[PDB]
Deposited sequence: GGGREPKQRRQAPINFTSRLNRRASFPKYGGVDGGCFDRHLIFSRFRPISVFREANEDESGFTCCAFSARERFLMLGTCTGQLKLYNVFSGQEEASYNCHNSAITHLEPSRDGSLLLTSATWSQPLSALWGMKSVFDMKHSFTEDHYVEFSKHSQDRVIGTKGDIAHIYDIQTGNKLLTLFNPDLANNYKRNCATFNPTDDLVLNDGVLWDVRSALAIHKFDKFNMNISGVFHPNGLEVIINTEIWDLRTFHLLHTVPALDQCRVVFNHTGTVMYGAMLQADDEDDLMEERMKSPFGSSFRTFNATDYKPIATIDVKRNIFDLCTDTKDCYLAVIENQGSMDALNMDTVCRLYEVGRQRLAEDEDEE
């Protein structure tokens, strides 16, 4: 992790970057801010190229579509709480998700959004914005405090609150046992395994494949090739995460690196070519009057 670049938010006494994702254009990163702005930056010079006010509360998450035409946002304390934006020709709101605290695109075909409202998953059609499906079984709920619903690589399964759902049937296939309070789980890009906190489960047998102790309380991000996973541990203005991230081989789950950047982390992502890791790092403590984040770009 050779540091390659660093930059602070332009035009701000205290820099308020909260989240990041690479754009569909190389060298240009999308960042959300604590004032609910979306920004495009040159990831080398630190030049702000464009700004839009998406929300009147801080951005907690963004996701650009692969085709460059759409963007999902989530905020901390707004109504609507999450939204879908167009970025073709003009920046405009397409749909909103009134109380969803987190949103993701579908994966194989980006024609749907999945939102999370507490323990509940909501699946929306991108074109109409209609809510197609509510996935929630109160008898199977784990009530994970950081529940984030997610599609699998083929968009035909969902993981919500530790429950595996088949999308076509709207049926719960399996409830994974609850072994932590916070982390609800992600699909491996390989489509065969889920990763729920320290447990790696096989989807074709529901056997336990691996225990990975260093994944405890981590929010997991894969690189685009699906060969490496980056975990950033929840903090035990509060930052969501602590000051370290860990990298693992996505094939055998062996640790690769543990990096303590000595600043609390708000987000991290990779570019589509997997050259880089961008991290949002707070120079200020959780006691500071104002956050003062940087984006640091590392060559992987």
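List the gaps, meaning deposited-sequence segments with no CA coordinates, ordered along the sequence.
Missing CA coords at 1 to 45, 282 to 291, 356 to 367.
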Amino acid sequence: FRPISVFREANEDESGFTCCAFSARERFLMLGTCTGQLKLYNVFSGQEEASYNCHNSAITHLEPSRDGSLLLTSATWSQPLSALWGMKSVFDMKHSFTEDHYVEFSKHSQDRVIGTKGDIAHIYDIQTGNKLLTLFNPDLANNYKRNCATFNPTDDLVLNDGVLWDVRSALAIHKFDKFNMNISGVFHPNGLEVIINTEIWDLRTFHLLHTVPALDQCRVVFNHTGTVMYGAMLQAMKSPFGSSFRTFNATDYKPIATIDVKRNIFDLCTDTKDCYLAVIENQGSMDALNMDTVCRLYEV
From here on, numbers count along this sequence of modelled residues.
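Is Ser239 a gap in at least one third of the other compared entries?
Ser239: unmodelled in a third or more of the comparison entries.
Please establish whether a third or more of the other compared PDB entries omit coordinates for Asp287.
Result for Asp287: often missing, at least a third of the compared entries.
Quick one: higher average CA temperature factor, 23 to 31 or 40 to 48?
Comparing averages over the C-alpha atoms only gives 23 to 31.
Using the B-factors recorded in the PDB entry, average over the C-alpha atoms of 158 to 166 and of 80 to 88, then report which stretch comes out higher.
That would be 80 to 88.
Which of these has the highest Cα B-factor in the record: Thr60, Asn56, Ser65, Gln235?
The record points to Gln235.
Considering only modelled residues of the same chain, in which third does the CA B-factor of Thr225 rank: lowest, middle or highest?
Top third by C-alpha B-factor.
Within this chain, which third does the Cα B-factor at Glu281 fall in: lowest, middle or highest?
Ranked within chain, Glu281 CA B lands in the lowest tercile.
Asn143's Cα B-factor: lowest, middle or highest third of the chain?
It falls in the middle third of the chain.
Going by the CA temperature factor in the PDB record, which third of the chain does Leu171 belong to: lowest, middle or highest?
Tercile = highest for this residue's CA B-factor.
Is the Cα B-factor recorded for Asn290 in the lowest, middle or highest third of its chain?
Highest third - that is where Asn290 ends up once the chain's C-alpha B-factors are sorted.
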